[PDB]
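If you're matching them up, the sequences are chains A and B in order.
Numbered per my numbering, the first sequence finishes at 252, counting up by one with no gaps.
Numbered per my numbering, the second sequence finishes at 252, counting up by one with no gaps.
2 protein chains.
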Amino acid sequence: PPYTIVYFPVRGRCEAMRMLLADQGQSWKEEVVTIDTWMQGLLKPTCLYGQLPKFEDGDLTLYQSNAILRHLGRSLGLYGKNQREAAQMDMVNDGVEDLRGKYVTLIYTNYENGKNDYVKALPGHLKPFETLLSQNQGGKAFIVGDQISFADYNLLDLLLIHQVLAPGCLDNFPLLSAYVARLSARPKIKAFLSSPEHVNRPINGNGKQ
Amino acid sequence: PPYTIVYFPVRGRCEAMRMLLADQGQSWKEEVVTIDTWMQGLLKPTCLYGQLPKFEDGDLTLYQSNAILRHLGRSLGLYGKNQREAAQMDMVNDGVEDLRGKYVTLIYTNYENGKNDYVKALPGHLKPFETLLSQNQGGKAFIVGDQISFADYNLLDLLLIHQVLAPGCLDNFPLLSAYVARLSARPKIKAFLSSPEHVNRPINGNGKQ
Ligand SMILES: N[C@@H](CCC(=O)N[C@@H](CSCc1ccc([N+](=O)[O-])cc1)C(=O)NCC(=O)O)C(=O)O
Ligand SMILES: N[C@@H](CCC(=O)N[C@@H](CSCc1ccc([N+](=O)[O-])cc1)C(=O)NCC(=O)O)C(=O)O
Ligand SMILES: [Ca+2]
Ligand SMILES: [Ca+2]
Ligand SMILES: [Ca+2]
Ligand SMILES: [Ca+2]
Ligand SMILES: [Cl-]
Ligand code: NA
Ligand code: NA
Ligand code: NA
Ligand code: NA
Ligand code: NA
Ligand code: NA
Ligand code: NA
Ligand code: NA
Ligand code: NA
Ligand code: NA
Ligand code: NA
C-alpha cells in the first residue's frame, strides 16, 4: 500500500478490483482521467501499453487489469491454498477475460447490429462457469475452492454487467444465479454496490449497457 | 507430471509451453487433434470453453494457454523471486497476449487485406518490451529479473512468429533482437527448435505466416 487506481470515469475494467479492495476492507484513491485530458496525449505515451487502468501499490506501478487483479490476489491471500487451485483460478479468470473482451467489442463497436446475436450466444459462454460451480461442492462455495479469490470478483462483475445487458440471462443457470446473489450479499460488497461512487459511475464510456 | 498437450497440429498457442517444457528437461505427450476429428464434435463439448489447448498434468486437467503457462511457471519455479516480480511477469504476459490475439485475427481472418496495416503498427506494439528490457540490466538478463520465467517463453515465441511475418521487425529494437538470439541459443531450446516435430509443424493452421 497505499493503493491508487488511475482510470476513466467508468466501471469497465476496474469495478472488479474495486469490489475486491472493498471486500478486503482496503481503502484506495481514485485518480479520474477525463476523455478531454486523455485526448491531449500527455499521459497516454507514459503508460506501458498506452492504456488504462494504471495502478499504484506503494512504489509498484502496474498496468493490465488482470495483472492488477492477480497482484491483489497474491498479496492479499485471494489466490487459493495450493498450486492446483491457483492454476484453476487462472483458468477461470482467463475465461472471464475472454468473455469480457467480447462484451467490450459489442458495447463499443457493434451494439445495435450485434446485440441479438450476442445474447443468443451468451448461454453457451456462461455454461462453463455453471459447470465449474457444479463440480465444486455442488456450487455452494466459490468458483474455485472454498475461499473467495480474485477470480470470483472478476466473474461476479462479468455476471452483473451481463444481467444488465440481458436481464434474465441467468434464468437457466441456477448455480450462477445463487452465486451472484450470495456474493452480492457479502456485507462489504453489498455496501459497495449501493455506494454512490459506484452507483453514479456508468458501466461503460459510451453509456451503452 | 506426467504431461499431455491436446492441441491442433500447429505451433500456435502451444509452442511457448512446449519450449518451456523442453528447456526444463521435461518430457510430454502430444495428442494431436486434426481438423477432421475436431469437426466431428466429440471432443469440443468436453472442453471447458470449447477450445484447445487442453493440458493434462497428472490428475489435473487445464484449459487456457496462459493458465497453462502460469501453472508450469508456478510449479517449475519460473515465476520470479517475490511478489513484485510475479506481478511484473503478469503485466508482461498480458501484453504478449494482447498482441498475440491481434496476430491470430490477422492470420486467420484478414491476412491479405490487413497485413500492411498490421506491419506498420507493429513497432508501436513491440516498443514496450524493448523499454522493459532497457530497464532490466540493459537487456542482458530476462524480461523481468535475472531468471527465465514463463513470460520469457511466451514473449520469445511472439517475437519469433513476428520475425517470420515481418522480417526486420526487430531492426530498431536491438535489445529484443539480441534477446531472441540469446534465448534461442539455450541448448535445450535450440535442440527443440531443430527437432523435426517442431520444424515440420506449421505456425498456424491455414498455411499463412
Ligand atoms: N488489456 C488491457 C486493456 C485496457 C484497455 O482496453 N484500456 C482502454 C480503457 S477500458 C475501455 C474504455 C474506453 C474508453 C472509455 N472512456 O471513458 O472514453 C472508458 C473505457 C484504454 O485505455 N483506451 C484508451 C486508448 O487506448 O487510448 C487491460 O486489461 O487493462
Ligand atoms: N483464450 C484461449 C484461446 C484458445 C483458442 O483460440 N483455441 C482455438 C485454437 S488456437 C487457433 C487455431 C485454429 C485452428 C487451427 N487448426 O489447425 O485448424 C490451429 C490453431 C480453438 O480451439 N479453435 C476451435 C474452436 O473454437 O472451435 C487460450 O488462450 O487457450
Ligand atoms: Ca472496459
Ligand atoms: Ca459483437
Ligand atoms: Ca493460435
Ligand atoms: Ca472440462
Ligand atoms: Cl459468500
Ligand atoms: Na466516476
Ligand atoms: Na469491461
Ligand atoms: Na471490472
Ligand atoms: Na489476462
Ligand atoms: Na470465455
Ligand atoms: Na527458477
Ligand atoms: Na485485455
Ligand atoms: Na481463434
Ligand atoms: Na487484421
Ligand atoms: Na501504424
Ligand atoms: Na534461468
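All residues carry an ideal CB built from backbone N, CA and C; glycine is no exception.
Proximity winner among B:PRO171, B:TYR122, B:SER177 and B:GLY250, relative to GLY138 of chain B (alpha-carbon distances):
B:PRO171
Host alpha helix (DSSP H) of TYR46 of chain A (start-end):
From DSSP, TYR46 of chain A is part of no alpha helix (DSSP H) but of the beta strand (DSSP E) over 46-50.
So is the beta-carbon of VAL53 of chain B under 7 Å away from any non-hydrogen atom of ligand 15?
no
Of all the options B:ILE246, B:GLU240, B:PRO44 and B:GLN180, which has the alpha carbon lying nearest to the alpha carbon of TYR151 of chain B?
Comparing Cα-Cα distances from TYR151 of chain B to each of B:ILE246, B:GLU240, B:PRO44 and B:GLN180, the minimum goes to B:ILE246.
Below-8 Å beta-carbon distance, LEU169 of chain A vs any chain B residue
no
So, is the C-beta of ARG229 of chain B closer than 8 Å to a C-beta in chain A?
no
Which residue comes first and which comes last in the beta strand (DSSP E) that contains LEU105 of chain A?
103-106
Chain-ordered list of residues that sit, by beta carbon, closer than 6 Å to a heavy atom of ligand 7
A:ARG225, A:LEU226 and A:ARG229
Go ahead and pull the three-state DSSP assignment for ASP133 of chain A.
In this structure, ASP133 of chain A counts as helix in the three-state DSSP scheme.
The stretch 190-208 of chain A: which residues have C-beta closer than 9 Å to a C-beta of chain B, in chain order?
none
Who are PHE98 of chain B's beta bridge partners in DSSP?
B:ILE48 and B:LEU105
Is the beta carbon of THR174 of chain A sitting closer than 8 Å to the one on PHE98 of chain A?
no
In whole angstroms, what is the alpha-carbon distance linking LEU198 of chain A and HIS205 of chain A?
Inter-residue distance for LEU198 of chain A and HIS205 of chain A is about 11 Å (C-alpha atoms, whole angstroms).
Classification of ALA228 of chain B by the beta-carbon crowding that lies within 10 angstroms, buried from 16 upward
exposed
Identify every residue that forms a DSSP beta bridge with residue 30 of chain A.
Nothing in the structure corresponds to residue 30 of chain A, since chain A is present only between 44 and 252.
Assuming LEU121 of chain A and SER192 of chain A form a contact by the criterion Cβ under 8 Å, report the distance between their Cβ atoms to the nearest whole angstrom.
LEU121 of chain A to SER192 of chain A, Cβ: 5 Å. Contact.
Can you tell me where the alpha helix (DSSP H) holding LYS233 of chain B begins and where it ends?
230-237
In the structure shown, what three-state DSSP assignment does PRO88 of chain A receive?
helix
DSSP three-state call for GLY157 of chain A: helix, strand or coil?
In this structure, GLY157 of chain A counts as helix in the three-state DSSP scheme.
Looking only at its chain, what residues have a beta carbon closer than 7 Å to the beta carbon of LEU95 of chain A, apart from the 5 residues adjacent to it on each side?
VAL49, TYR50, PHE51 and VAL76
How about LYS231 of chain A and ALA65 of chain A: do their beta carbons lie closer than 8 Å?
yes
Which value, in whole angstroms, describes the spacing of the CA atoms of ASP102 of chain B and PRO45 of chain B?
9 Å
Collapsed DSSP secondary structure at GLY250 of chain B in the structure displayed
Correct three-state label for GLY250 of chain B: coil.
In chain order, what residues of the stretch 126-140 of chain B put their CB closer than 7 Å to some CB of chain A?
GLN126, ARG127, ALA129, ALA130, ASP133, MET134, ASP137 and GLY138
Pull out every residue of the stretch 89-123 of chain B whose Cβ sits closer than 7 Å to any Cβ of chain A, in chain order.
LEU91, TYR92, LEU103, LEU105, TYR106, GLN107, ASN109, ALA110, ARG113, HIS114, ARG117 and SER118
Cα-Cα, which of B:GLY93, B:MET62 and B:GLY167 is closest to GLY116 of chain B?
Cα-wise, what sits closest to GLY116 of chain B is B:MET62.
What are the boundary residues of the alpha helix (DSSP H) that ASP200 of chain B is part of?
Element bounds for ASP200 of chain B: 193-208.
In whole angstroms, what separates the C-alpha of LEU236 of chain B from that of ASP214 of chain A?
The alpha-carbon atoms of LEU236 of chain B and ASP214 of chain A are separated by roughly 50 Å.
Beta-carbon contacts of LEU165 of chain B that lie in its chain and below 7 Å, excluding the five residues immediately before and after
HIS205, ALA209 and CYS212
How about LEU121 of chain B: is its Cβ closer than 7 Å to a heavy atom in ligand 13?
Distances between the C-beta of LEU121 of chain B and the heavy atoms of ligand 13 include at least one below 7 Å.
Would you kindly check if the distance between the Cβ of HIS114 of chain A and the Cβ of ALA130 of chain B is under 8 Å?
yes
Counted within 10 angstroms of its Cβ, other Cβ atoms place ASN136 of chain A as buried (16 or more) or exposed:
buried
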